[PDB]
Amino acid sequence: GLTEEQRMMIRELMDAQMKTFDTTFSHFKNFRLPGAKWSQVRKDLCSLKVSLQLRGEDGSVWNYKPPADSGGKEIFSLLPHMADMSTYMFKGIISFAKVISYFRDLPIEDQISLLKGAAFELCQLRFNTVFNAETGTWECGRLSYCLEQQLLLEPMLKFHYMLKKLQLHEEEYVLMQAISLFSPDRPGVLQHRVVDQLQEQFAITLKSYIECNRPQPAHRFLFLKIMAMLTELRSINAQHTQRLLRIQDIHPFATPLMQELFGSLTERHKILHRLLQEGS
Amino acid sequence: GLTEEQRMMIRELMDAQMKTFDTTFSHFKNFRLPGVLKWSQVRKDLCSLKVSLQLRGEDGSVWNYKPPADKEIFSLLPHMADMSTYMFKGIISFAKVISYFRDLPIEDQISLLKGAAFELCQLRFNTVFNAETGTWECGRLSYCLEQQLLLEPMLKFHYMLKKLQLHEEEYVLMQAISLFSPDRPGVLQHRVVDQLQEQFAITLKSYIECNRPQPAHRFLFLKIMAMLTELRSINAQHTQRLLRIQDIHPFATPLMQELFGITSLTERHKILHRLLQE
Ligand SMILES: CCC[C@H](CC)Oc1ccc(C(C)(C)C)cc1NC(=O)c1nnn(-c2cc(C)c(OC)cc2OC)c1C
Ligand SMILES: CCC[C@H](CC)Oc1ccc(C(C)(C)C)cc1NC(=O)c1nnn(-c2cc(C)c(OC)cc2OC)c1C
């Protein structure tokens, strides 16, 4: 059984996920729409090619088929839209962290440093909960992103297919979010041991939950599988971040909030600082 | 062959068609699109006319609009109102090039263009219609339909007319015969336009005899005239249903309101009068 401290830790995380994750994407509007290492960027960008479907309240459907790779900026057509979506998702991640009692008690320098290092990873974990592995589509309410064994080569697509195969619960997803958020080895964190103390209790709570709720033989070593996925997500974060910084200086697409996340801390992270001081 | 006067009439009509028909639709711009957000009688008609909008981009991307199943039934009417308006402005310029049309009084020029507006649009639309795929290919824009379709007279017209496989000269002659209809409302010089229409029909009949196999196309001219008569029926059939829709959900552009009668002949068609004098 779970200790009372662990039972209330899970309920606080799940309560935070409910209040901050707009699974229907009803409040996501006002977004843009399409009107050697460079070759590796283009190849991975081609592997991540998706078609955008926008369903309307009346029943109509707008569908956007991306262009084919012919050399030029046409393969970066959906990046401005994806930058508006990532910013909307990250704002929900900010509100998720503010609701957590263990997070708001941290200094404002560590709150910015932690959210800077876990922004991409927290966004990927929420995307996997709406990812359709049967059709290769991210069902984001009114919006859909359908991909166009060789695509599993791209580590970001393989991560979503492998993570979806585990069939995690809501409690396990939100515990992965906490472990990813309270990483003591992020750049800029000062209270290394304090956030390390918090991270271990989330992993201990996750390990206790799985042992008390998943006796099935298909769930053997599930906790260690999850921890191995979090280490893999740390890598893909580095792979995708360096990939986008190379696209940003050639073809600028990042929203003002994304530029701060990529690089006093509160002085060059004004948008994130004001959002941390605001309320629900 | 044809007489020199008939050869000049065809050369003049082909010259007008070339200068005023944008076959690529490259100059069709700034049109409304569906946003991202007898009632049963009319609803059945345009439900049979339900089409999807495809929009090809310069880079190769394709935006496709899927209309909704049965106010949502009139989602593509603002866009079609901008399309019909763009088409008519080319119809006006087509009539202004024909010498037999300028010499008519400005009131009769309005009356003829008012009665032949819908018909000359369908005739030009037919030249870009693909019967195999059921799509009107208007350059970057495509309109694909969504035996059940032949019951609709407007769809049966485009399929039967395309089946005749007319030449460019036969299409523009249909436009002239349709334009110079002597029985349009408000026409005063009916005797002049009747004799003008007869010369176009005689030229069309003579063209078919001289440029087609004699026994195979023995009734091609009479088939064409039957299509024009059928097109007049569809004209009143589509004008009434849109006049009903306009009272419910306004969509017609200012120029369409004058053509339908929404508020002297030139005083009730100020926009159409101005375009004729420019
Ligand atoms: C991967 C699964 C989810 C999506 C479908 C919904 O799949 C795609 C499908 C297609 C495309 C293309 C448009 C083809 C490039 C992109 C993506 N996906 C991203 O482009 C993304 N995913 N995360 N981030 C990101 C987010 C934040 C807060 C951040 O802050 C430091 C940094 C980030 O990247 C370094 C980002 C920017
Ligand atoms: C049939 C071939 C043409 C198109 C595709 C190219 O197919 C459609 C496909 C779908 C739809 C719907 C939006 C579903 C209703 C309409 C249409 N089609 C028209 O909406 C039209 N066709 N002609 N007219 C029109 C034009 C003029 C100058 C006018 O002035 C007196 C009056 C008119 O209507 C009475 C008009 C207004």
# chains A, B, ... in the order shown; residues from 1 in each chain; ligands from 1
call {"tool": "select_by_dssp", "arguments": {"residues": "segment 7-129 of chain B", "states": "strand (DSSP E or B)", "output": "list in words"}}
result
residues 51, 52, 53, 54, 55, 56, 62, 63, 64, 65, 66 and 129 of chain B
call {"tool": "residues_around", "arguments": {"residues": "segment 208-222 of chain B", "least_positions_apart": "6", "cutoff": "10 Å", "atoms": "only C-alpha atoms", "output": "compact mmCIF listing (two decimals) with N, CA and C atoms, in the first residue's frame"}}
result
# COMPACT_ATOMS: atom_id res chain seq x y z
N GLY B 1 -16.63 26.66 -97.77
CA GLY B 1 -16.47 27.04 -96.38
C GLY B 1 -17.44 28.11 -95.92
N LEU B 2 -16.99 28.95 -95.00
CA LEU B 2 -17.81 30.03 -94.46
C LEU B 2 -17.62 31.31 -95.27
N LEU B 164 -20.62 16.90 -75.66
CA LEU B 164 -20.64 17.30 -77.06
C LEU B 164 -19.25 17.62 -77.60
N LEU B 166 -17.33 20.52 -77.73
CA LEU B 166 -17.41 21.66 -78.62
C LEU B 166 -16.04 22.31 -78.80
N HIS B 167 -15.89 23.03 -79.91
CA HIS B 167 -14.69 23.80 -80.17
C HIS B 167 -14.76 25.14 -79.44
N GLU B 170 -17.30 27.23 -81.19
CA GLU B 170 -18.68 26.88 -80.89
C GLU B 170 -19.08 27.35 -79.50
N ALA B 201 -26.63 32.42 -84.93
CA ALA B 201 -27.08 31.04 -85.05
C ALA B 201 -26.81 30.49 -86.45
N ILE B 202 -27.01 31.32 -87.48
CA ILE B 202 -26.71 30.89 -88.84
C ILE B 202 -25.22 30.64 -89.00
N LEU B 228 -28.94 25.68 -74.78
CA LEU B 228 -29.19 27.08 -74.45
C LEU B 228 -30.59 27.27 -73.88
call {"tool": "residues_around", "arguments": {"residues": "residue 55 of chain A", "least_positions_apart": "3", "cutoff": "9 Å", "atoms": "only C-alpha atoms", "output": "ChimeraX atom specification"}}
result
/A:58-63,141-144 /B:36-37
call {"tool": "write_last_selection", "arguments": {"atoms": "N, CA, C and O atoms", "output": "CSV table (one decimal), in the first residue's frame"}}
result
chain,number,residue,atom,x,y,z
A,58,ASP,N,-19.1,23.6,-36.8
A,58,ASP,CA,-20.2,23.3,-37.7
A,58,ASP,C,-20.1,22.0,-38.4
A,58,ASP,O,-21.1,21.5,-39.0
A,59,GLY,N,-18.9,21.4,-38.4
A,59,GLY,CA,-18.7,20.1,-39.1
A,59,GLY,C,-17.7,20.2,-40.3
A,59,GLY,O,-17.3,19.2,-40.8
A,60,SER,N,-17.3,21.4,-40.7
A,60,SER,CA,-16.3,21.6,-41.8
A,60,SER,C,-15.0,21.1,-41.4
A,60,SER,O,-14.6,21.0,-40.2
A,61,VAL,N,-14.1,20.8,-42.3
A,61,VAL,CA,-12.8,20.3,-42.1
A,61,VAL,C,-11.8,21.0,-43.1
A,61,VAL,O,-12.0,20.9,-44.3
A,62,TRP,N,-10.8,21.8,-42.5
A,62,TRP,CA,-9.7,22.3,-43.3
A,62,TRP,C,-8.5,21.3,-43.2
A,62,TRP,O,-8.2,20.9,-42.1
A,63,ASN,N,-7.9,21.0,-44.3
A,63,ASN,CA,-6.8,20.1,-44.3
A,63,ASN,C,-5.7,20.7,-45.1
A,63,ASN,O,-5.9,21.2,-46.2
A,141,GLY,N,-7.7,18.0,-29.9
A,141,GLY,CA,-9.0,18.6,-30.0
A,141,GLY,C,-9.5,18.8,-31.4
A,141,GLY,O,-9.7,17.9,-32.2
A,142,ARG,N,-9.6,20.1,-31.7
A,142,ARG,CA,-10.1,20.5,-33.1
A,142,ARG,C,-8.9,20.4,-34.1
A,142,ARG,O,-9.2,20.3,-35.3
A,143,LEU,N,-7.7,20.3,-33.6
A,143,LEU,CA,-6.5,20.2,-34.5
A,143,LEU,C,-6.0,18.7,-34.5
A,143,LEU,O,-6.1,18.0,-33.5
A,144,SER,N,-5.5,18.3,-35.6
A,144,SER,CA,-4.9,17.0,-35.8
A,144,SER,C,-3.6,17.1,-36.6
A,144,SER,O,-3.5,17.9,-37.5
B,36,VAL,N,-12.3,29.4,-39.7
B,36,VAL,CA,-12.0,28.2,-38.9
B,36,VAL,C,-12.9,28.0,-37.7
B,36,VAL,O,-12.8,27.1,-36.9
B,37,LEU,N,-14.0,28.9,-37.6
B,37,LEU,CA,-14.9,28.7,-36.5
B,37,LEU,C,-15.9,27.6,-36.8
B,37,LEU,O,-15.7,26.5,-36.4
call {"tool": "residues_near_ligand", "arguments": {"ligand": "ligand 2", "cutoff": "7 Å", "atoms": "only C-alpha atoms and all ligand atoms", "output": "PyMOL selection string"}}
result
chain B and resi 46-47+49-51+74-77+80-81+84-85+87-88+114-115+117-118+121-122+125+136+143+154-155+235+238-239+242+256+259-260
call {"tool": "write_last_selection", "arguments": {"atoms": "C-alpha atoms", "output": "short mmCIF file (atom, residue, chain, number, x, y, z; two decimals), in the first residue's frame"}}
result
data_model
loop_
_atom_site.label_atom_id
_atom_site.label_comp_id
_atom_site.auth_asym_id
_atom_site.auth_seq_id
_atom_site.Cartn_x
_atom_site.Cartn_y
_atom_site.Cartn_z
CA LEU B 46 -27.41 23.29 -53.02
CA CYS B 47 -26.93 20.09 -51.01
CA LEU B 49 -24.44 21.05 -55.52
CA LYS B 50 -22.17 20.42 -52.52
CA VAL B 51 -18.50 20.69 -53.51
CA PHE B 74 -24.20 28.39 -46.94
CA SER B 75 -20.51 28.29 -46.02
CA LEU B 76 -19.18 28.50 -49.59
CA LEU B 77 -21.71 31.10 -50.79
CA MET B 80 -18.90 31.72 -54.78
CA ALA B 81 -20.34 35.24 -54.65
CA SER B 84 -19.39 34.86 -59.79
CA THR B 85 -18.60 38.57 -59.45
CA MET B 87 -16.55 36.02 -63.73
CA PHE B 88 -19.19 38.63 -64.60
CA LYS B 114 -28.65 41.26 -66.81
CA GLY B 115 -30.39 38.31 -68.46
CA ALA B 117 -25.07 36.92 -66.73
CA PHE B 118 -25.66 33.47 -65.23
CA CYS B 121 -20.81 32.18 -66.61
CA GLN B 122 -21.93 28.55 -66.90
CA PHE B 125 -17.27 27.36 -66.43
CA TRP B 136 -13.98 22.65 -62.17
CA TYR B 143 -14.13 22.60 -57.05
CA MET B 154 -27.37 22.23 -63.28
CA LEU B 155 -25.07 19.19 -63.07
CA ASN B 235 -31.11 30.51 -64.89
CA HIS B 238 -30.92 29.28 -59.62
CA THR B 239 -31.84 32.97 -59.40
CA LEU B 242 -30.49 32.56 -54.27
CA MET B 256 -24.83 40.81 -57.67
CA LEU B 259 -28.25 41.91 -61.18
CA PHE B 260 -30.89 40.35 -58.91
#
call {"tool": "residues_near_ligand", "arguments": {"ligand": "ligand 1", "cutoff": "6 Å", "atoms": "only C-alpha atoms and all ligand atoms", "output": "ChimeraX atom specification"}}
result
/A:45,48-50,78-79,82-83,86-87,90,119-120,123,127,138,145,156,240-241,258,261-262
call {"tool": "closest_atom_pairs", "arguments": {"of": "chain B", "to": "chain A", "cutoff": "7 Å", "atoms": "only C-alpha atoms", "output": "tab-separated table"}}
result
residue	atom	partner	partner_atom	distance
B:36	CA	A:56	CA	6.0
B:37	CA	A:56	CA	5.5
B:59	CA	A:67	CA	6.3
B:60	CA	A:67	CA	4.7
B:61	CA	A:67	CA	4.4
B:62	CA	A:65	CA	5.1
B:63	CA	A:64	CA	4.6
B:64	CA	A:63	CA	5.0
B:65	CA	A:62	CA	4.7
B:66	CA	A:61	CA	4.8
B:67	CA	A:60	CA	4.9
B:68	CA	A:60	CA	4.4
B:69	CA	A:59	CA	6.8
B:72	CA	A:58	CA	6.2
